[PDB]
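Chemist: From first to last, the protein sequence lines are chains C and A.
Under the entry's author numbering, the residues of the first sequence are numbered 1 to 129, 132 to 148, in order.
Under the entry's author numbering, the residues of the second sequence are numbered 710 to 840, 852 to 869, 912 to 955, 973 to 1082, 1089 to 1133, 1138 to 1167, 1179 to 1477, in order.
Backbone N, C-alpha and C fix where the C-beta goes; we use that ideal spot for every residue, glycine too.
This is the structure I want to talk about, given as structure tokens.
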Amino acid sequence: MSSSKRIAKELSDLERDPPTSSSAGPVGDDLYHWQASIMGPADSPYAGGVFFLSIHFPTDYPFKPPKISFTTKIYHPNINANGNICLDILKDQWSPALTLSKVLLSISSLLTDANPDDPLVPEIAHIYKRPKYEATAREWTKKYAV
Amino acid sequence: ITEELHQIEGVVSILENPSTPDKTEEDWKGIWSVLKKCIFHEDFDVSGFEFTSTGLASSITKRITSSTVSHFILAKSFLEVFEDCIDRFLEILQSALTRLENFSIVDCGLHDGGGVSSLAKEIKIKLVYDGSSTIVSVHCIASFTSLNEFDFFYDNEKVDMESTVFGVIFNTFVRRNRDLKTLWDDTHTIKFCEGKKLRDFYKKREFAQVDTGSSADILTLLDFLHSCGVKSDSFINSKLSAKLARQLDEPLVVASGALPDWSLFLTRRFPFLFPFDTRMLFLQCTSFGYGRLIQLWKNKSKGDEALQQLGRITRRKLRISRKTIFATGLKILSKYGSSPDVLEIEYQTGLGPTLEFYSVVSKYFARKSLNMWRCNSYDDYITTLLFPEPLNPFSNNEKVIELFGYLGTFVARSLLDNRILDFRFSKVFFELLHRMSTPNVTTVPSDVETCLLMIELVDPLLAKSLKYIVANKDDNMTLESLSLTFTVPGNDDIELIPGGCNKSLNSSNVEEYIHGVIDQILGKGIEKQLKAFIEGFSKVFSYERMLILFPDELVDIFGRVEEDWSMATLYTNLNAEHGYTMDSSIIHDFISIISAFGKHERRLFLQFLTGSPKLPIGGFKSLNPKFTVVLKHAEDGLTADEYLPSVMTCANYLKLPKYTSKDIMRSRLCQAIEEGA
């Protein structure tokens, strides 16, 4: 029931109860590095996109939060080019009771309603604050997310 | 005045009466509140002498010394009420101690005082072999080894061979309350029948306890108040501090190791009563003593023939190669760790190479290849606060422990030889080092909350998760969801208790789990390393002498290095995008503003930016998020001049508005940083 078994139990949770749209899993035989395939909501401006995330768990996997990094480049005020995500959950609202099946859902909701008050790339926040939706999402979604 | 005199007797009775509840924190808060109500009247405070004449000091001293509640509970209960009147209550105690102070300046019988002339004041000594006689004008500093090449007895009292001439005669005369002026008058006649270090001038008097009379209650109250964790606003006793400064001002008594027991006991036991420089001078006088004390007083005097003939410290060359600098320096440090001589490091002159050595090895001890300190666990040097990691009971931990002992010897050798180091020790490291070397106190505080707040200065994420566990120790389903085993977080190879690798964590054994984690991080897990550090440190001079400092104050004496804030380094380690360019006028102005700052300005701005008092080792370049200035755009229909810059630092970001002028920008910066205090 250790940290490695914490990851194993998380994997079992994912296996027996797969998510409706945002699937994920480990990479190779190694248990630490993972892969996530989240899909933007159909009603969302990021609709129809498959995104790959490189998840790197820390040594004390249930205590310190995991590293979530975007590999599929996307255009969003709260997402940088290297995949770093500035979200409250991964920094201060973190509890060992927060499973990965919750953090991926948090990212799923973030991709719908952005966080302009706390932007990572400011100019996109400036644009967001009607054609902003299209010029922000559509072209990047078509040329990268598909 | 009856209402302000007789009611204090009733309060004293209430404190003395055991019928008063004093178990929970609420009851102690209530009694603190009623004490504050009594002591502080509607016109003026209780005067210093009135406080002890009614026994109130003892009345509360006994209740804070004979109650069975945790120190954390008492400290919280007190600071919940007295946080706004710390000095208003400190003035009373300081006045009472000033009135009841009776400790005596044990001087050499005036003789112009402890001035410049008090250096070579010689004394007459007539040696007689009692088993043969010579009369020699003996210097007050020469020891019975440096003078009498045969044990010694003065006034039928055995004399240690390592002591000086004065160290026995002066104590003999003082202990019987003889006259303090006849010493220069009486021709005292003695009856008798590797560079050694004359640091034994306190090793035989470590427990030199002397009673404080009626002031014991006041001293206990001061110690408890200081241990409550409040600032150092008014803990310094002006009378006592001045008296101690006067005592240290006399060089002849100190150079003979004849310090009065009250000074040693007060410094060791109550270190909050004296200014920092006074305590550092006390450490300088007591720790290395004669060889370096002669030159320490000579330096003050120059701002003499006897001093220059009897205080010559030779120097030993140390030559090391830059390839094997770390290892060779460590082995030479082991070989000459406690040699009293002055050691200068030479690369294969003067202060240059040795300062470079003391800097680079202090950098090296902070790397990850040695597995000495805990790491980020995700550029060999560690950036964050540096703190030991739990050992492996099975793995060969010989090299880690040996290196830790080397670290202790290195730190002591640096502190003795007035050198400057670069470490970023966590204050908790030294707090536990102190609690270990202090007698009759557990290295790990008994109370849980103190341990949690002690690890919160080490790994804030670890501490907040552990506090989540503790706060949710009564919801079993939550513990099942956590689903962890009895092994130390961050290293699954070590278990809390043997056979617990498969032991589930739930409400049944939550407390055992917390105790195991705490003992594995702070206590048993790092006990071997701390003890090795203490042994290496005390190889040169005892670590007990360093109890006169504080945890937070001797972090700085090791983290003292002139950082580089030159324009070139700032430029090469600055980023400007999302509105700004690297060669922008405002960016150049910002760099010019920053790089000309003083001492405290740098620290205040750095605390405002990152939250740390100072930047990690190596300068700005070591700030891994690579400090960046982002043009804070002007919105909301108002000019950027009125806008105040906001941190919003995710990693190293600084939202800098495009101010219309340089000086308005500097004014806004100076405004914002102060409210960032």
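#1: Which of helix, strand or coil does DSSP assign to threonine 1410 of chain A?
#2: In chain order, what residues of the region 85-112 of chain C put their CB closer than 7 Å to some CB of chain A?
#3: Quick one: what does DSSP say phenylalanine 915 of chain A is sitting in, helix, strand or coil?
#4: Write down the C-beta distance between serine 1035 of chain A and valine 825 of chain A rounded to the nearest angstrom, noting that I regard them as a contact closer than 8 Å.
#5: Using the rule of at least 16 other Cβ atoms within 10 Å of the residue's Cβ for burial, across every protein chain shown, is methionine 1161 of chain A buried or exposed?
#6: Below 8 Å on the Cβ atoms is my guess for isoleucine 38 of chain C versus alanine 147 of chain C; work out the distance and round it to an integer in Å.
#7: Let me see if you follow: with CB-CB separation under 8 Å, is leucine 120 of chain C close to chain A or not?
#8: Comparing the C-beta of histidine 1433 of chain A with each C-beta of chain C, is any distance below 8 Å?
#9: Taking Cβ-Cβ distances shorter than 9 Å, what residues in chain C pair up with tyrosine 1167 of chain A?
#10: Go to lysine 835 of chain A, then tell me how far its beta strand (DSSP E) extends in each direction, as first and last residue.
#11: Whose C-alpha, out of A:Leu1031, A:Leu1415, A:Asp1056 and A:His750, is nearest the C-alpha of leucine 1072 of chain A?
#12: Find the residues of chain C that neighbour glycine 1379 of chain A, judging by a C-beta separation of less than 8 Å, and give them in chain order.
#13: Nearest chain A C-beta to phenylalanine 52 of chain C closer than 8 Å, yes or no?
#14: Is the shortest distance between the beta-carbon of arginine 16 of chain C and the beta-carbons of chain A less than 8 Å?
#15: Using 8 Å as the threshold, is the C-beta distance between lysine 1018 of chain A and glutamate 810 of chain A below it?
#16: Give me the Cα-Cα distance between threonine 991 of chain A and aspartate 839 of chain A, rounded to the nearest whole angstrom.
#17: Would you identify the three-state DSSP class for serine 21 of chain C, choosing helix, strand or coil?
#18: Below 7 Å on C-beta distance, what does residue 130 of chain C contact in chain A?
#19: Would a check of beta-carbon distances place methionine 39 of chain C closer than 8 Å to chain A?
#20: Mind checking which residues open and close the beta strand (DSSP E) that includes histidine 56 of chain C?
#21: Would you mind sorting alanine 1271 of chain A into buried or exposed? The rule is 16 or more other CB atoms within 10 Å of its CB.
#22: Taking all protein chains shown into account, decide if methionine 1346 of chain A is buried (16 or more other Cβ within 10 angstroms of its Cβ) or exposed.
#23: Do three or more CB pairs link the region 87-95 of chain C to the region 1336-1354 of chain A at distances below 8 Å?
#24: Taking the C-alpha atoms as reference points, what is the distance between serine 44 of chain C and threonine 112 of chain C?
#25: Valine 1150 of chain A and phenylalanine 1210 of chain A look like a contact to me (Cβ under 8 Å); what is the Cβ gap, rounded to whole Å?
#26: Assuming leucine 104 of chain C and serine 22 of chain C are in contact, meaning their beta carbons sit under 8 Å apart, how far apart are those beta carbons, in whole angstroms?
#27: So, with DSSP's three-state summary, where would you put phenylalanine 1051 of chain A?
#28: Give the interface partners of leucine 1284 of chain A over in chain C, defined as CB-CB distance under 9 Å, in chain order.
#29: Of all Cβ atoms in chain C, is any one closer than 8 Å to the Cβ of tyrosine 1459 of chain A?
#30: Given that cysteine 1450 of chain A touches chain C, what residues does it touch there, using C-beta distances under 7 Å?
#31: Would you give the residue range spanned by the alpha helix (DSSP H) that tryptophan 737 of chain A belongs to?
#32: Would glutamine 1471 of chain A be called buried (16 or more neighbouring beta carbons within 10 Å of its own) or exposed?
#33: Which one of A:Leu1140, A:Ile1201, A:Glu1475 and A:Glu1029 has the shortest CA to CA distance from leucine 819 of chain A?
#34: Drop a sphere of 10 angstroms on the beta-carbon of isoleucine 1098 of chain A, count the other beta-carbons inside from all chains shown, and report buried for 16 or more, exposed for fewer.
#35: Could you tell me the alpha carbon to alpha carbon distance between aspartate 1463 of chain A and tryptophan 1365 of chain A, rounded to whole angstroms?
#36: Among C:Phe63, C:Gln35 and C:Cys86, which has the Cα closest to the Cα of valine 121 of chain C?
Modeler: Straight from the coordinates:
#1: Here residue 1410 of chain A refers to the residue found at position 610 of the second sequence. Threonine 1410 of chain A falls in the coil class under three-state DSSP.
#2: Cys86, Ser95, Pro96 and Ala97
#3: Locating residue 915 of chain A in the second sequence gives position 153, counting from the first residue. Strand at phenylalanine 915 of chain A.
#4: Sequence index remark: in the second sequence, residue 1035 of chain A carries index 256 (1-based). Sequence index remark: in the second sequence, residue 825 of chain A carries index 116 (1-based). Actually they do not touch by this definition, with Cβ atoms about 19 Å apart.
#5: Looking up residue 1161 of chain A in the second sequence gives position 372. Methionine 1161 of chain A comes out buried.
#6: Along the first sequence, one-based indexing puts residue 38 of chain C at 38. Along the first sequence, one-based indexing puts residue 147 of chain C at 145. Actually they are not in contact, since the Cβ atoms of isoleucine 38 of chain C and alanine 147 of chain C sit about 11 Å apart, beyond 8 Å.
#7: Locating residue 120 of chain C in the first sequence gives position 120, counting from the first residue. Chain A, which has a Cβ nearer than 8 Å to the Cβ of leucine 120 of chain C, makes this yes.
#8: Residue mapping note: residue 1433 of chain A aligns to position 633 of the second sequence, counting from 1. So, interface residue.
#9: Numbered from 1 along the second sequence, position 378 holds the residue referred to as residue 1167 of chain A. Close partners of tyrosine 1167 of chain A in chain C (Cβ separation under 9 Å): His56, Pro58, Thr59 and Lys67.
#10: On the second sequence, position 126 is the one that residue 835 of chain A refers to. Looking at the DSSP string, the run of the beta strand (DSSP E) that includes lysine 835 of chain A is 832-838.
#11: On the second sequence, residue 1072 of chain A is found 293 positions in, with the first residue counted as 1. Closest in C-alpha terms to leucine 1072 of chain A, from the list A:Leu1031, A:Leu1415, A:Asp1056 and A:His750, comes A:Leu1031.
#12: Taking the second sequence and counting its residues from 1, one reaches residue 1379 of chain A at position 579. Close partners of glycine 1379 of chain A in chain C (Cβ separation under 8 Å): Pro122 and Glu123.
#13: Position 52 of the first sequence, counting from 1, holds the residue named residue 52 of chain C. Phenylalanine 52 of chain C does not count as touching chain A.
#14: Locating residue 16 of chain C in the first sequence gives position 16, counting from the first residue. Not an interface residue.
#15: Position 239 of the second sequence, counted from the start, is the residue given in the question as residue 1018 of chain A. Position 101 of the second sequence, counted from the start, is the residue given in the question as residue 810 of chain A. A contact, by the Cβ cut-off of 8 Å.
#16: Taking the second sequence and counting its residues from 1, one reaches residue 991 of chain A at position 212. Taking the second sequence and counting its residues from 1, one reaches residue 839 of chain A at position 130. Each residue's alpha carbon lies about 39 Å from the other.
#17: As a position in the first sequence, residue 21 of chain C is number 21, starting the count at 1. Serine 21 of chain C: coil per DSSP, three-state reduction.
#18: Missing here is residue 130 of chain C: after 129, the next number in chain C is 132.
#19: For the purposes of this step, residue 39 of chain C is taken as the residue at position 39 of the first sequence. For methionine 39 of chain C, the answer is no, since every Cβ of chain A falls outside 8 Å of its Cβ.
#20: The residue labelled residue 56 of chain C in the question sits at position 56 within the first sequence. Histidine 56 of chain C -> beta strand (DSSP E) spans 50-56.
#21: For the purposes of this step, residue 1271 of chain A is taken as the residue at position 471 of the second sequence. So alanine 1271 of chain A ends up on the exposed side.
#22: Start at 1 with the first residue of the second sequence, and residue 1346 of chain A comes out as number 546. Burial call: buried.
#23: No: fewer than three Cβ pairs fall under 8 Å.
#24: Taking the first residue of the first sequence as 1, we reach residue 44 of chain C at position 44. Taking the first residue of the first sequence as 1, we reach residue 112 of chain C at position 112. Distance between the alpha carbons of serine 44 of chain C and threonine 112 of chain C: 6 Å.
#25: In the second sequence, residue 1150 of chain A corresponds to position 361, counting from 1. In the second sequence, residue 1210 of chain A corresponds to position 410, counting from 1. With 8 Å as the limit, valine 1150 of chain A and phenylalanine 1210 of chain A qualify as a contact, their Cβ atoms being about 7 Å apart.
#26: Your numbering for residue 104 of chain C matches position 104 in the first sequence. Your numbering for residue 22 of chain C matches position 22 in the first sequence. Correct: roughly 5 Å between the Cβ atoms.
#27: The residue given as residue 1051 of chain A occupies position 272 in the second sequence. Residue state, collapsed to three classes: helix.
#28: Looking up residue 1284 of chain A in the second sequence gives position 484. Near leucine 1284 of chain A (Cβ distances below 9 Å), the residues of chain C are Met1, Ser2, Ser3, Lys5, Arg6, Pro62, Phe63 and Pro96.
#29: Against the second sequence, residue 1459 of chain A aligns to sequence position 659. Answer no: the Cβ-Cβ gap between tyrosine 1459 of chain A and chain C never drops below 8 Å.
#30: Against the second sequence, residue 1450 of chain A aligns to sequence position 650. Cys86 and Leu120, listed in chain order.
#31: Position 28 of the second sequence, counting from 1, holds the residue named residue 737 of chain A. Here the alpha helix (DSSP H) through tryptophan 737 of chain A covers 734-748.
#32: Against the second sequence, residue 1471 of chain A aligns to sequence position 671. When all chains shown are included, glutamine 1471 of chain A counts as exposed.
#33: Locating residue 819 of chain A in the second sequence gives position 110, counting from the first residue. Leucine 819 of chain A has its Cα closest to that of A:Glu1029, out of A:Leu1140, A:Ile1201, A:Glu1475 and A:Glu1029.
#34: Numbered from its first residue, the second sequence carries residue 1098 of chain A at position 313. So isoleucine 1098 of chain A counts as exposed.
#35: Here the question's residue 1463 of chain A lines up with position 663 in the second sequence. Here the question's residue 1365 of chain A lines up with position 565 in the second sequence. One alpha carbon belongs to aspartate 1463 of chain A, the other to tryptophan 1365 of chain A, and they sit about 21 Å apart.
#36: Here residue 121 of chain C is taken as the residue at index 121 of the first sequence, counted from 1. Among C:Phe63, C:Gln35 and C:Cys86, the Cα nearest to that of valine 121 of chain C belongs to C:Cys86.
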